[PDB]
């Protein structure tokens, strides 16, 4: 009904045009929404090409025949978002959204992760369970691999690690959990969370002492 490419790329400082194609767009205005990872929604262009107060002048829009396009100039990292177009369909003039275009901005500064490793709380052990938490922040790109070692030995069992998500500063964050019974926690001595980002490993360790 309203046709948008599911994804698109730009590199920092360059220009993208995102399209939205529909049968009735020669007769109906298009509106454009930006949705950020926290899922909040901002109207960036209305009535094909008008720009609301408070939206960056790098955003502009235009229409011809059946394709409305949204144009971002001097792409910034914080333009990474899902862009949806909205218009009207049928005789009853009801709204429809396009499928959305996910826009990724390439060329952002590489950044190595910050790793923090916490032991189990005394309160949690009292339930005879034990979770060590390994928080990972301020890394880019947003792909990371986590390995746990207990007494120098790999552990695959009882590890769950988060999918990377975006921070307020447009770097990425993630966390990994190693969960143990309390008996097992006092049966071993050394615990290590090894986070690997773009080939380099940063490690945080602890002992129960």
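Positions refer to the first chain, counted from 1.
- Here the stretch with the larger average CA B-factor, out of 154-162 and 38-46, is 154-162.
- Averaged over their C-alpha atoms, the temperature factors of 62-70 and 178-186 are higher for 178-186.
- The top Cα temperature factor in the record, among 88, 108, 101, 135, falls on 108.
- When the C-alpha B-factors of 117, 125, 94, 81 are read from the PDB record, the largest value belongs to 125.
- Annotation for residue 206: CA B-factor lies in the middle third of the chain's modelled residues.
- In the deposited entry, the Cα temperature factor of residue 16 sits in the middle third of values across the chain's modelled residues.
- For residue 55, the recorded CA temperature factor ranks within the highest third of the chain's modelled residues.
- In the PDB entry, residue 29 places in the lowest third of its chain by CA B-factor.
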